[PDB]
Amino acid sequence: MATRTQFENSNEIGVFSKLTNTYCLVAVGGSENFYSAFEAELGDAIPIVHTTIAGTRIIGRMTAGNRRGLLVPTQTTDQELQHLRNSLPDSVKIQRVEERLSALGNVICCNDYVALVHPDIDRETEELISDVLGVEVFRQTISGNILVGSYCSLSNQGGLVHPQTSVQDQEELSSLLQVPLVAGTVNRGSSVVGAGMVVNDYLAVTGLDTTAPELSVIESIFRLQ
Amino acid sequence: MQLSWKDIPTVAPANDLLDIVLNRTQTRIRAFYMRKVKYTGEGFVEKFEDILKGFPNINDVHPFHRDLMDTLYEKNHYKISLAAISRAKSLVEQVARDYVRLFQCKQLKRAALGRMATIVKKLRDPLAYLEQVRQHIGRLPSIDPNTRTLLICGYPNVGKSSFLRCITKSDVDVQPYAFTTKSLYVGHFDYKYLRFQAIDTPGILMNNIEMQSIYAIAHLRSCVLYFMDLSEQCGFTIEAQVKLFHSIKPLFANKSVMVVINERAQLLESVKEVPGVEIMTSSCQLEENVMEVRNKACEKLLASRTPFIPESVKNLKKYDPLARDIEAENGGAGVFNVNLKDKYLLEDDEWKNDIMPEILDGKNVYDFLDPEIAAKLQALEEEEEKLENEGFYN
Amino acid sequence: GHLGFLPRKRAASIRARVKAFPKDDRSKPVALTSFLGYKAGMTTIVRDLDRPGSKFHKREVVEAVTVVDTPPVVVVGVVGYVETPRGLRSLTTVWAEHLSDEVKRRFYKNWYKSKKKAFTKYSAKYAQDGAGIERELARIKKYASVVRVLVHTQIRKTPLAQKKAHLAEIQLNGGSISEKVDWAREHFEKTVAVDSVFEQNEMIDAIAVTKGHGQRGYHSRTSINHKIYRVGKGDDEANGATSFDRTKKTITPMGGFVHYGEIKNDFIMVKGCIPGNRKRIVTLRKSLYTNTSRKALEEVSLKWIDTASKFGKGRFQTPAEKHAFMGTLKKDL
Amino acid sequence: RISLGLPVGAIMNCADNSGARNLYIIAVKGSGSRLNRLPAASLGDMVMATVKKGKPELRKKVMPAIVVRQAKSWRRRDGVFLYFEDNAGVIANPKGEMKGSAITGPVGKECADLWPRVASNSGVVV
RNA sequence: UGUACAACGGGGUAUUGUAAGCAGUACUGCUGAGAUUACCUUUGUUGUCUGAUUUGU
RNA sequence: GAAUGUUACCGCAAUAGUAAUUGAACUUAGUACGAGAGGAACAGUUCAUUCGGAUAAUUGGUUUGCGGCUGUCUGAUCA
RNA sequence: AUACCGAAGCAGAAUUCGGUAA
RNA sequence: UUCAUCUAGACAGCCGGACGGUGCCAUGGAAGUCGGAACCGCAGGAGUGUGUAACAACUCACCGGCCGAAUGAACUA
């Protein structure tokens, strides 16, 4: 199920795109190799929204959401928000967030059930996420790193944590989040597994440098096969 | 260092080396001669250093590499040429230091060249040997000792040539004669998500090739898969093959040995005399037996809220060769711009061109723009009309 | 310093002499090879970058654009040329029967003192069956090879105290020089608009005299590869009638153009700046040939236009912005 | 256009959890034809700095450092001209593998886009 | 000898944030005030519009 | 700025000064090559540095004009 | 000052040599 | 200028013969042509190169069908 790609000869697959069980978000540019994989695996079953966030190419790290909706940070421009509302169907909501930090993908790890956020999240924003996404919000400290989303990736079926995550943390979180967790790497040992790949409950994409053992571990832990 | 070798610089013996510097280089007269000496000597020293550094030494690398070089080229000559080059460099330095230490001045510069030529030209034979060995050492395969490896030995062309070809990517001639594969062959295949390398050798029938193969087998940890035939390929009898296998007996048992074989089945009991070897039938022109052998060799070497899946998600079948096709039809991807209109899910088919004024001559339109503000339009407007009964300007 | 742009001796006139034309297309319909106008101040414009692969691709980007005060071009005559071994030569010159006071002033410095005996007896020759002034057309047709139209600008429309007309020769794109002269004669005393020659997104070039610093400056210069973003019509109103910013205003900055240039006639928007300052007459040309690059071929839209005055630092955009926050202003209301 | 503001050796602040406190820009890369006039660092520029206060590994050894903030007002093609808290930087290898597991403070959009991994390690943008 | 030249205050433009006083509750409403404004503007009024020299196949 | 007709406008050009310059990203690439790591390439696109001309959209070292601050004081706050 | 040709067991990367040229 | 060929067929150029005993050491293949040491039976080297693991196949030098007279090598200036 997992795909292989190299966006503009790069390796951060998840930085320039975000994906969920109901919609897909990708960056814009000139290269079509990255956009090819999404069509290959899904064709057009879900909206492959070619869009940017706050004028940045780091759309994947700047957006957080699940199947129930999507939300964008403060820096998103009025044109960006309007065209996003005109890109998503009425069945999917859109939200704006006001706070000092902006990188939702780096600040918040979002799945279909429970949302993991930076510990310093404000109460207003902490409560806001639950309503639109319909998920619980609990502050997380995976791997003892304050920026949980900067490197981590957690699909609904499991969780691929960065190699810096301790075994004790994985054991504690596996029985608490009700999902399996395994420590691994991507892009031939890259520690930032949250940037080099995107994974959900049926689809996965990895960089060209990704080795076979990493792909097999990702497939098995998330129950793709 | 690198298992293979190719970066070694080339050497042009005799006139070429002299010219490379002569053409490059070609009481103020004394100063000019001093400058010329300070350039010719430096150029010669740089050339000698490049020759020395580039060419690896026989005994300075892994002992396996030392043995491989010994069995390929002349052991003594390899060091003799290096010693001669070092002596030539020392003599060049001595000549330069000697100079460092009209009619009459004209002859000052001649001696420098007259003696540099004497020092250099005599090195043609060592330089010729260096150039000869350079070509042979610049194409050595990746005979990595660390990675798991398997070897095959036996009488030449008993079907062995096609075994490596059918076990891994390789091109080996199957023409029957003494040694069709004059040199080593290397093939790479992946198993258990880790690299495995297959290497082959003509065999053992002395000669330099025989010693090379024997030393390569002994030094390396690679297992040896002796080759035989249930039929009579090559024309040699079973007894000769058994004797040849016994010839390799003294040093092969410590490599986890196996035997591959293409009244006939009874005479093979002599091969089984060694408890360490395992024998099974196979064939070189089919895949199942060679793959079984490969799997067995790899095995031997190994010891040395609920999930959400929409129906539409699983309804579509994976495409079998895309954005590549669309942009290729559009005349290119990088040269073509991205398109938004008519692609993204428009809110409605009517207002296909929402143009957002985004300007109020002092503030952004979105500072208060909102939909369905009709109710507020019928309430706020009264503030600008009720001035008759008050007048805020006062 | 540039070797080609030496010596730095100043130009001999405000108008920059054009000495090159875009070859001679014998197949294109009759059209003007260049245009004439006046330079105003400068403004700011933003547009969507459709260039593929750019860092700001498919994003709004701000670009500096100047404004050229373009008065209507009224034809006053035409000039024919014949090839000779001694170079191009003007065999005959003709005029459009009548000449305005501004055109007549071009031949006079002490116009008020002079008896105003400008083009007059020449009109008397025209004031008949034609004869010579009609046989000149046949003479041009017989021998002429390239024909250059003679036009002047409506200076009195431009807010310039100097009412003297500015005139220059413009080559005709179309071939069949008979058609060249026929069209020129038919266009005698007619008014030509910008749309009749130039068009949006065209890569025009600008030539004018550089600013004088008060010898540095005040020398002729040629700038090429400048793309037009919008044909401007200042005779009408709501020049900012773009697809965006539906609060129509005028390109004129608050309080008028700084120093000079209160637009009261046609204008054009050109990418980047133009050599020379305002009050300087500038000639426009099609830049010989059109580059096929995206930066030269792509078409662009327009959006925000800056309207704040520069008589200081700049703040207010429109006079209606002054309310609410200032409370009471008894001096005014 | 790259300006000539911050010169070599600027003791800019450090905004990473790697334990560094300041970054002395001893060496700046990309100094080619810009002769006579000394080079200068900029947002997302390839420059190297030595941590003035820290362990010996970061003293006398030059390693690349990525600047995420500049404080000084900078022009943008988008039309914005604002500025924020202060200049800051991070220590990373030439390929952008920042050692620090976390980054604090805003990160300029100019450098975030051109350094996907640096942006991924930062939460605050602009 | 026609809004041709030029003065003006006005109008826009730029600038400042509580000015002269008066309402006394030991700074409060006029009061983001008055204000200048060598940039544009010259709408009405008002003043000027006539001199010496030279040239001419 | 001196002279050949007086004056002025639009033109031609004998002639002379020559101008550009380097790196980076996509797509052709993980392609040909190749046991293997590693990695071509034309052409089509996107940027900045060295140098040259420009103008002020913005920035920048750069009308005691508007708010008040000190002294000699008109008597006394307004100056 | 940069590049253009022919050669090297120059597979690719990469390197050297004889000519043009500053 | 010296020597040579002389319609017994000058020189260039096409097609053929280019064989036999047959060879030993390198043994792994080497038989003319990777490297050891130098006959002759009847126009033909136990071999000038190409090339194959080597035979294989072409070949030049030597001749033959061949063409119809100047010609090949070095010197003097």
# chains A, B, ... in the order shown; residues from 1 in each chain; ligands from 1
>>> residues_around(residues="residue A:39", least_positions_apart="5", cutoff="12 Å", atoms="only C-alpha atoms (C1' of nucleotides)", output="list in words")
residues 3, 24, 26, 32, 33, 34, 44, 45, 46, 47, 48, 49 and 203 of chain A; 316, 317, 318, 319, 320, 321, 322, 323, 324, 325 and 326 of chain B
>>> select_by_dssp(residues="stretch 50-172 of chain A", states="alpha helix (DSSP H)", output="PyMOL selection string")
chain A and resi 59-62+78-85+104-107+123-133+167-172
>>> write_last_selection(atoms="N, CA, C and O atoms", output="tab-separated table (two decimals), in the first residue's frame")
chain	number	residue	atom	x	y	z
A	59	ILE	N	2.91	23.19	3.79
A	59	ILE	CA	1.49	23.03	4.08
A	59	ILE	C	1.26	21.88	5.05
A	59	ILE	O	0.44	21.98	5.96
A	60	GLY	N	1.98	20.77	4.86
A	60	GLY	CA	1.75	19.61	5.70
A	60	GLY	C	2.00	19.90	7.17
A	60	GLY	O	1.22	19.49	8.04
A	61	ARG	N	3.09	20.60	7.48
A	61	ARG	CA	3.42	20.93	8.86
A	61	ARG	C	2.62	22.10	9.40
A	61	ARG	O	2.59	22.30	10.62
A	62	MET	N	1.97	22.88	8.54
A	62	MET	CA	1.21	24.05	8.96
A	62	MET	C	-0.27	23.75	9.17
A	62	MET	O	-1.01	24.65	9.60
A	78	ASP	N	-6.61	35.88	3.74
A	78	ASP	CA	-8.03	35.86	3.43
A	78	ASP	C	-8.29	35.14	2.11
A	78	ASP	O	-9.24	34.35	2.00
A	79	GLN	N	-7.46	35.39	1.10
A	79	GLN	CA	-7.60	34.68	-0.16
A	79	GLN	C	-7.41	33.18	0.04
A	79	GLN	O	-8.15	32.37	-0.53
A	80	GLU	N	-6.41	32.79	0.84
A	80	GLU	CA	-6.17	31.38	1.09
A	80	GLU	C	-7.38	30.73	1.76
A	80	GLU	O	-7.82	29.65	1.35
A	81	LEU	N	-7.94	31.39	2.77
A	81	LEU	CA	-9.10	30.83	3.47
A	81	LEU	C	-10.30	30.74	2.54
A	81	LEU	O	-11.03	29.74	2.55
A	82	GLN	N	-10.53	31.77	1.72
A	82	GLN	CA	-11.68	31.75	0.82
A	82	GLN	C	-11.55	30.63	-0.21
A	82	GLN	O	-12.50	29.89	-0.46
A	83	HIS	N	-10.36	30.48	-0.80
A	83	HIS	CA	-10.18	29.44	-1.80
A	83	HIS	C	-10.17	28.05	-1.17
A	83	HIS	O	-10.56	27.08	-1.83
A	84	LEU	N	-9.76	27.94	0.10
A	84	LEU	CA	-9.89	26.66	0.79
A	84	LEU	C	-11.35	26.31	1.03
A	84	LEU	O	-11.77	25.16	0.83
A	85	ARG	N	-12.15	27.29	1.46
A	85	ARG	CA	-13.58	27.06	1.62
A	85	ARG	C	-14.23	26.70	0.30
A	85	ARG	O	-15.19	25.91	0.26
A	104	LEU	N	0.57	24.13	12.83
A	104	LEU	CA	-0.35	23.15	13.42
A	104	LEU	C	0.22	21.74	13.33
A	104	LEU	O	0.15	20.97	14.29
A	105	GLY	N	0.79	21.38	12.18
A	105	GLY	CA	1.36	20.05	12.03
A	105	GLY	C	2.51	19.80	12.99
A	105	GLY	O	2.66	18.69	13.51
A	106	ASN	N	3.33	20.82	13.24
A	106	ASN	CA	4.42	20.69	14.20
A	106	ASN	C	3.94	20.84	15.64
A	106	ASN	O	4.64	20.38	16.56
A	107	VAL	N	2.78	21.45	15.86
A	107	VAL	CA	2.30	21.74	17.20
A	107	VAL	C	1.30	20.69	17.65
A	107	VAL	O	1.25	20.32	18.83
A	123	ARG	N	-6.11	27.39	26.60
A	123	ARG	CA	-7.37	26.71	26.90
A	123	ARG	C	-8.37	26.89	25.77
A	123	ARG	O	-9.06	25.94	25.37
A	124	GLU	N	-8.47	28.11	25.23
A	124	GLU	CA	-9.43	28.37	24.16
A	124	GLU	C	-9.14	27.48	22.95
A	124	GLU	O	-10.03	26.78	22.45
A	125	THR	N	-7.89	27.48	22.48
A	125	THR	CA	-7.54	26.64	21.33
A	125	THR	C	-7.65	25.16	21.67
A	125	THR	O	-8.05	24.35	20.83
A	126	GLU	N	-7.30	24.79	22.91
A	126	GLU	CA	-7.39	23.39	23.31
A	126	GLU	C	-8.82	22.88	23.21
A	126	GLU	O	-9.07	21.77	22.72
A	127	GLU	N	-9.79	23.68	23.68
A	127	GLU	CA	-11.19	23.29	23.59
A	127	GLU	C	-11.74	23.43	22.18
A	127	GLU	O	-12.67	22.71	21.81
A	128	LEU	N	-11.19	24.35	21.38
A	128	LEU	CA	-11.71	24.58	20.04
A	128	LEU	C	-11.52	23.37	19.15
A	128	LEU	O	-12.39	23.04	18.33
A	129	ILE	N	-10.37	22.69	19.27
A	129	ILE	CA	-10.06	21.59	18.36
A	129	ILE	C	-11.10	20.48	18.46
A	129	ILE	O	-11.47	19.87	17.46
A	130	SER	N	-11.58	20.21	19.68
A	130	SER	CA	-12.49	19.08	19.87
A	130	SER	C	-13.78	19.26	19.08
A	130	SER	O	-14.28	18.31	18.48
A	131	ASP	N	-14.34	20.47	19.08
A	131	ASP	CA	-15.67	20.67	18.50
A	131	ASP	C	-15.68	20.36	17.01
A	131	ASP	O	-16.50	19.57	16.53
A	132	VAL	N	-14.77	20.98	16.25
A	132	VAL	CA	-14.78	20.79	14.80
A	132	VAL	C	-14.32	19.39	14.42
A	132	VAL	O	-14.93	18.73	13.57
A	133	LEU	N	-13.24	18.92	15.05
A	133	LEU	CA	-12.70	17.60	14.72
A	133	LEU	C	-13.42	16.47	15.45
A	133	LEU	O	-13.22	15.30	15.09
A	167	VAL	N	11.70	3.56	24.88
A	167	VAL	CA	10.86	2.37	24.93
A	167	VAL	C	9.79	2.53	26.00
A	167	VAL	O	8.63	2.14	25.80
A	168	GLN	N	10.16	3.08	27.16
A	168	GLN	CA	9.19	3.26	28.23
A	168	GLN	C	8.04	4.16	27.80
A	168	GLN	O	6.88	3.89	28.12
A	169	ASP	N	8.35	5.24	27.07
A	169	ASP	CA	7.30	6.12	26.58
A	169	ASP	C	6.36	5.38	25.64
A	169	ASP	O	5.13	5.54	25.72
A	170	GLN	N	6.91	4.56	24.74
A	170	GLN	CA	6.07	3.80	23.82
A	170	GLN	C	5.17	2.83	24.58
A	170	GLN	O	3.98	2.71	24.27
A	171	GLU	N	5.73	2.14	25.57
A	171	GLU	CA	4.92	1.20	26.35
A	171	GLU	C	3.81	1.93	27.10
A	171	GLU	O	2.67	1.45	27.16
A	172	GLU	N	4.13	3.08	27.69
A	172	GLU	CA	3.12	3.84	28.42
A	172	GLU	C	2.02	4.33	27.50
A	172	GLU	O	0.83	4.29	27.86
>>> residues_around(residues="stretch 97-99 of chain D", least_positions_apart="6", cutoff="9 Å", atoms="only C-alpha atoms (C1' of nucleotides)", output="PyMOL selection string")
chain D and resi 16-18+65-66+90-91+117-118+121
>>> interface_residues(of="chain C", to="chain D", cutoff="10 Å", atoms="only C-alpha atoms", output="list in words")
residues 46, 55, 56, 59, 60, 61, 62 and 63 of chain C
>>> atom_distance(atom1="atom CA of residue C:211", atom2="atom CA of residue C:276")
4.6 Å
>>> interface_residues(of="chain B", to="chain G", cutoff="12 Å", atoms="only C-alpha atoms (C1' of nucleotides)", output="list in words")
residues 6, 7, 8, 9, 10, 11, 12, 16, 17, 19, 20, 21, 23, 24, 47, 54, 131, 132, 133, 134, 135, 136, 137, 138, 139 and 140 of chain B
>>> atom_distance(atom1="atom CA of residue C:145", atom2="atom CA of residue C:289")
21.3 Å
>>> closest_atom_pairs(of="chain F", to="chain A", cutoff="12 Å", atoms="only C-alpha atoms (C1' of nucleotides)", output="tab-separated table")
residue	atom	partner	partner_atom	distance
F:25	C1'	A:8	CA	8.8
F:26	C1'	A:8	CA	6.1
F:27	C1'	A:31	CA	7.3
F:28	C1'	A:31	CA	11.7
F:29	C1'	A:9	CA	8.5
F:30	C1'	A:208	CA	8.4
F:45	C1'	A:30	CA	8.8
F:46	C1'	A:30	CA	9.3
>>> write_last_selection(atoms="N, CA and C atoms (P, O5', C5', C4', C3', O3' and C1' of nucleotides)", output="PDB file, in the first residue's frame")
ATOM      1  P     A F  25      21.926  23.076  -7.352  1.00  0.00           P
ATOM      2  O5'   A F  25      20.353  23.331  -7.392  1.00  0.00           O
ATOM      3  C5'   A F  25      19.571  23.255  -6.207  1.00  0.00           C
ATOM      4  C4'   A F  25      18.103  23.453  -6.495  1.00  0.00           C
ATOM      5  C3'   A F  25      17.494  22.528  -7.539  1.00  0.00           C
ATOM      6  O3'   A F  25      17.148  21.255  -7.023  1.00  0.00           O
ATOM      7  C1'   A F  25      16.855  24.753  -7.998  1.00  0.00           C
ATOM      8  P     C F  26      17.002  19.996  -8.011  1.00  0.00           P
ATOM      9  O5'   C F  26      15.620  20.248  -8.764  1.00  0.00           O
ATOM     10  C5'   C F  26      14.389  20.237  -8.055  1.00  0.00           C
ATOM     11  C4'   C F  26      13.215  20.469  -8.975  1.00  0.00           C
ATOM     12  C3'   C F  26      13.041  19.459 -10.101  1.00  0.00           C
ATOM     13  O3'   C F  26      12.349  18.303  -9.651  1.00  0.00           O
ATOM     14  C1'   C F  26      12.802  21.678 -10.941  1.00  0.00           C
ATOM     15  P     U F  27      11.851  17.156 -10.665  1.00  0.00           P
ATOM     16  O5'   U F  27      11.186  17.957 -11.871  1.00  0.00           O
ATOM     17  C5'   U F  27      10.134  17.394 -12.640  1.00  0.00           C
ATOM     18  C4'   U F  27      10.534  17.235 -14.085  1.00  0.00           C
ATOM     19  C3'   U F  27      11.593  16.181 -14.367  1.00  0.00           C
ATOM     20  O3'   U F  27      11.068  14.867 -14.418  1.00  0.00           O
ATOM     21  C1'   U F  27      12.107  18.176 -15.547  1.00  0.00           C
ATOM     22  P     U F  28      12.041  13.606 -14.215  1.00  0.00           P
ATOM     23  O5'   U F  28      12.824  13.508 -15.598  1.00  0.00           O
ATOM     24  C5'   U F  28      12.116  13.340 -16.815  1.00  0.00           C
ATOM     25  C4'   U F  28      12.921  13.799 -18.005  1.00  0.00           C
ATOM     26  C3'   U F  28      14.260  13.115 -18.214  1.00  0.00           C
ATOM     27  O3'   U F  28      14.151  11.820 -18.778  1.00  0.00           O
ATOM     28  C1'   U F  28      14.532  15.438 -18.469  1.00  0.00           C
ATOM     29  P     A F  29      14.803  10.557 -18.025  1.00  0.00           P
ATOM     30  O5'   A F  29      14.554  10.841 -16.473  1.00  0.00           O
ATOM     31  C5'   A F  29      15.590  11.353 -15.635  1.00  0.00           C
ATOM     32  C4'   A F  29      15.706  10.576 -14.346  1.00  0.00           C
ATOM     33  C3'   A F  29      14.762  11.007 -13.226  1.00  0.00           C
ATOM     34  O3'   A F  29      14.409   9.866 -12.445  1.00  0.00           O
ATOM     35  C1'   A F  29      16.991  11.246 -12.502  1.00  0.00           C
ATOM     36  P     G F  30      12.928   9.698 -11.847  1.00  0.00           P
ATOM     37  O5'   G F  30      13.062   8.445 -10.869  1.00  0.00           O
ATOM     38  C5'   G F  30      14.096   8.392  -9.889  1.00  0.00           C
ATOM     39  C4'   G F  30      15.406   7.930 -10.481  1.00  0.00           C
ATOM     40  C3'   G F  30      15.789   6.480 -10.187  1.00  0.00           C
ATOM     41  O3'   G F  30      16.484   5.931 -11.308  1.00  0.00           O
ATOM     42  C1'   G F  30      17.457   7.922  -9.340  1.00  0.00           C
ATOM     43  P     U F  45      11.513  28.198 -22.384  1.00  0.00           P
ATOM     44  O5'   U F  45      10.955  27.758 -20.959  1.00  0.00           O
ATOM     45  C5'   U F  45      11.148  28.575 -19.816  1.00  0.00           C
ATOM     46  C4'   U F  45      10.676  27.888 -18.560  1.00  0.00           C
ATOM     47  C3'   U F  45      11.000  28.601 -17.256  1.00  0.00           C
ATOM     48  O3'   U F  45      10.090  29.643 -16.955  1.00  0.00           O
ATOM     49  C1'   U F  45      11.594  26.326 -17.068  1.00  0.00           C
ATOM     50  P     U F  46      10.636  31.088 -16.513  1.00  0.00           P
ATOM     51  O5'   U F  46      11.072  30.885 -14.996  1.00  0.00           O
ATOM     52  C5'   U F  46      10.152  30.389 -14.035  1.00  0.00           C
ATOM     53  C4'   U F  46      10.802  30.203 -12.687  1.00  0.00           C
ATOM     54  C3'   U F  46      11.627  31.376 -12.178  1.00  0.00           C
ATOM     55  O3'   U F  46      10.837  32.393 -11.586  1.00  0.00           O
ATOM     56  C1'   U F  46      12.850  29.371 -11.905  1.00  0.00           C
TER      57        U F  46
END
>>> closest_residue(among="C:10, C:295, C:330, C:303", to="chain F", atoms="only C-alpha atoms (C1' of nucleotides)")
C:295
>>> residues_around(residues="residue C:198", least_positions_apart="6", cutoff="12 Å", atoms="only C-alpha atoms (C1' of nucleotides)", output="list in words")
residues 31, 32, 33, 34, 35, 36, 192, 204, 205, 227, 228, 229, 230, 231, 232, 267, 268, 269, 270, 284, 285, 286 and 287 of chain C
>>> write_last_selection(atoms="C-alpha atoms", output="tab-separated table (two decimals), in the first residue's frame")
chain	number	residue	atom	x	y	z
C	31	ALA	CA	0.16	50.04	-38.04
C	32	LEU	CA	2.44	52.40	-36.14
C	33	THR	CA	5.87	51.10	-35.18
C	34	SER	CA	6.08	53.25	-32.03
C	35	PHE	CA	4.13	55.63	-29.79
C	36	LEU	CA	4.77	58.98	-28.13
C	192	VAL	CA	-5.15	57.76	-32.80
C	204	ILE	CA	7.40	47.57	-25.18
C	205	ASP	CA	10.63	49.53	-24.74
C	227	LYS	CA	5.72	44.63	-20.28
C	228	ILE	CA	2.49	46.65	-20.31
C	229	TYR	CA	0.00	45.54	-17.65
C	230	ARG	CA	-3.11	47.59	-18.51
C	231	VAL	CA	-4.14	50.03	-21.22
C	232	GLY	CA	-5.18	53.21	-19.41
C	267	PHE	CA	-2.22	56.85	-19.79
C	268	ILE	CA	-0.43	53.50	-19.84
C	269	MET	CA	1.03	51.23	-17.16
C	270	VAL	CA	4.48	49.76	-17.84
C	284	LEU	CA	7.42	53.96	-26.75
C	285	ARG	CA	8.29	51.18	-29.19
C	286	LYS	CA	7.39	47.51	-29.64
C	287	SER	CA	10.95	46.40	-28.63
>>> closest_atom_pairs(of="chain F", to="chain C", cutoff="9 Å", atoms="only C-alpha atoms (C1' of nucleotides)", output="JSON lines")
{"residue": "F:8", "atom": "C1'", "partner": "C:107", "partner_atom": "CA", "distance": 5.8}
{"residue": "F:9", "atom": "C1'", "partner": "C:107", "partner_atom": "CA", "distance": 5.7}
{"residue": "F:10", "atom": "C1'", "partner": "C:168", "partner_atom": "CA", "distance": 7.3}
{"residue": "F:11", "atom": "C1'", "partner": "C:90", "partner_atom": "CA", "distance": 6.7}
{"residue": "F:12", "atom": "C1'", "partner": "C:88", "partner_atom": "CA", "distance": 5.2}
{"residue": "F:13", "atom": "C1'", "partner": "C:87", "partner_atom": "CA", "distance": 6.8}
{"residue": "F:17", "atom": "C1'", "partner": "C:4", "partner_atom": "CA", "distance": 5.2}
{"residue": "F:18", "atom": "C1'", "partner": "C:4", "partner_atom": "CA", "distance": 4.3}
{"residue": "F:19", "atom": "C1'", "partner": "C:4", "partner_atom": "CA", "distance": 7.3}
{"residue": "F:26", "atom": "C1'", "partner": "C:53", "partner_atom": "CA", "distance": 7.1}
{"residue": "F:45", "atom": "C1'", "partner": "C:53", "partner_atom": "CA", "distance": 7.1}
{"residue": "F:46", "atom": "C1'", "partner": "C:54", "partner_atom": "CA", "distance": 5.0}
{"residue": "F:47", "atom": "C1'", "partner": "C:54", "partner_atom": "CA", "distance": 8.0}
{"residue": "F:51", "atom": "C1'", "partner": "C:1", "partner_atom": "CA", "distance": 8.6}
{"residue": "F:52", "atom": "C1'", "partner": "C:2", "partner_atom": "CA", "distance": 5.3}
{"residue": "F:53", "atom": "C1'", "partner": "C:221", "partner_atom": "CA", "distance": 7.4}
{"residue": "F:54", "atom": "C1'", "partner": "C:275", "partner_atom": "CA", "distance": 5.1}
{"residue": "F:55", "atom": "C1'", "partner": "C:273", "partner_atom": "CA", "distance": 5.7}
{"residue": "F:56", "atom": "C1'", "partner": "C:42", "partner_atom": "CA", "distance": 7.9}
{"residue": "F:57", "atom": "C1'", "partner": "C:44", "partner_atom": "CA", "distance": 4.7}
>>> closest_atom_pairs(of="chain B", to="chain H", cutoff="9 Å", atoms="only C-alpha atoms (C1' of nucleotides)", output="JSON lines")
{"residue": "B:177", "atom": "CA", "partner": "H:53", "partner_atom": "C1'", "distance": 7.0}
{"residue": "B:178", "atom": "CA", "partner": "H:28", "partner_atom": "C1'", "distance": 5.4}
{"residue": "B:179", "atom": "CA", "partner": "H:28", "partner_atom": "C1'", "distance": 7.4}
{"residue": "B:180", "atom": "CA", "partner": "H:53", "partner_atom": "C1'", "distance": 7.7}
>>> residues_around(residues="stretch 110-114 of chain A", least_positions_apart="3", cutoff="7 Å", atoms="only C-alpha atoms (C1' of nucleotides)", output="PyMOL selection string")
(chain A and resi 64-67+135-137+154-156) or (chain B and resi 305)
>>> write_last_selection(atoms="C-alpha atoms", output="CSV table (one decimal), in the first residue's frame")
chain,number,residue,atom,x,y,z
A,64,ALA,CA,-3.7,19.7,11.4
A,65,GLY,CA,-7.0,17.9,11.2
A,66,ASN,CA,-8.8,14.6,10.8
A,67,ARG,CA,-11.6,13.1,8.7
A,135,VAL,CA,-11.9,14.3,19.1
A,136,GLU,CA,-10.6,14.5,22.6
A,137,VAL,CA,-7.5,16.7,23.3
A,154,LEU,CA,0.4,9.0,14.3
A,155,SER,CA,-2.2,7.5,12.1
A,156,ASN,CA,-5.6,6.3,13.4
B,305,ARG,CA,-13.4,4.7,18.2
>>> interface_residues(of="chain B", to="chain A", cutoff="8 Å", atoms="only C-alpha atoms", output="PyMOL selection string")
chain B and resi 193+305+307-310+312-313+316+318-319+322-324+327+333-338+340+344-347+356+358+366
